[PDB]
Amino acid sequence: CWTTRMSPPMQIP
Amino acid sequence: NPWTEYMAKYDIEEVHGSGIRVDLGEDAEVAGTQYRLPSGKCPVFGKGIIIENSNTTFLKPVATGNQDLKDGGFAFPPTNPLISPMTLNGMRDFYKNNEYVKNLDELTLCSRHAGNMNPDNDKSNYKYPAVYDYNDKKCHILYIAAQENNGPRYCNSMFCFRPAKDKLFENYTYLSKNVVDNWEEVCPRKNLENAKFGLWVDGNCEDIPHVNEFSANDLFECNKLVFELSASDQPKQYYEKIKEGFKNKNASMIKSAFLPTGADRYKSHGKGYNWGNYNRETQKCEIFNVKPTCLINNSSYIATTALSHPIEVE
Ligand SMILES: *SCC1=CC(C)(C)N(O)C1(C)C
């Protein structure tokens, strides 16, 4: 359900 | 005042700037709806959340799947890759290419790691708070940012909880998204042994002129009381009564857990009963709400604040 804000951006569902 | 630089970290309005007992000093949108969330700049040493009428402790994952909310905790649910809880070494490895993050101290790093998880997969400034546990060196992102829901009306299917210092919490640290990277320099941590907070007047450190005396068996109990009385961003006890009678309890639970902003009047901005002079001989926690501006040498005293660890002295 979450997306990282710092690069590299990543889906963490 | 020769004390100005030394005492700056005790100007909790300035250095922390939000509630301590309940920190909900900002609002942020998630999918276009505003929610309250923590914003204090200092770490809160020894704070946790007690879940009433439940055996579950608050660092358990929030209830998901078929679990009721009242039976879970506050923390992030397990993810793949697993990002909460995460050890300090795990966080340093995760951010090893980012020189702006990888060497932060444990508390700031945990705050920044929690603030990395955007709940708006499509856009957002909403940043979860976190708890760093010094015992096992683990950062727990808190999915639930609420800190108290314990009024007489429903507190049941109700999820009832309150913030506290507690022996069980002494290694926990409650961290908003705004914890500053130099909190070691600008925020309280240690209690000051053989020292009493005072007010500097005309070249002398005078006693706080009005204090509120609460008995306390030891320093921990005094720190716990100061924390209970400290700056807080929601009321301890929430015709308006008639209209409250039409509300549904389960809907209310959800509001109390996720905090849709749909109330700046409640924000303390750090004002409150944040300090206490503990007299260990008379077992008095002398609690006050104005910032101290000097110290008095007095072997009967330990100076504590709501942010300070409940045990450590220097
Ligand atoms: S994917 C479902 C979901 C998204 C988000 C906004 C982060 N919410 O918190 C949940 C977990 C409900």
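Residue numbers start from 1 in every chain, and the chains themselves are labelled A, B, ... in the order their sequence lines are given, proteins ahead of strands. Just the heavy atoms: all of them, side chains too, but no hydrogens, waters or symmetry mates, feed the values below.
Tested against A:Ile12, the residues B:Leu82, B:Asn118, B:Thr79 include a single side-chain contact (heavy atoms from CB on, under 4.5 Å) partner, B:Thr79.
Looking only at side-chain heavy atoms (C-beta outward), B:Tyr100 and A:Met6 stay at 4.5 Å or farther from each other.
In this structure, B:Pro77 and A:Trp2 approach most closely via the heavy-atom pair CG-CH2, 4.0 Å. Closest of all the heavy-atom pairs between B:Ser124 and A:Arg5 is O-NH2, 2.9 Å.
Looking at B:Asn98, the atoms closer than 4.5 Å to chain A (heavy atoms on both sides) all sit in the side chain, from C-beta outward.
Side-chain atoms of B:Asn116 never come within 3.5 Å of backbone atoms of A:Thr4 as a donor-acceptor pair (strictly under, hydrogens ignored).
Other residues, nucleotides and ligands place no more than 12 heavy atoms under 6.0 Å from the CG atom of B:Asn125. For B:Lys138, the NZ atom counts as loosely surrounded, since its 6.0 Å shell holds 12 or fewer non-hydrogen atoms of other residues, nucleotides or ligands.
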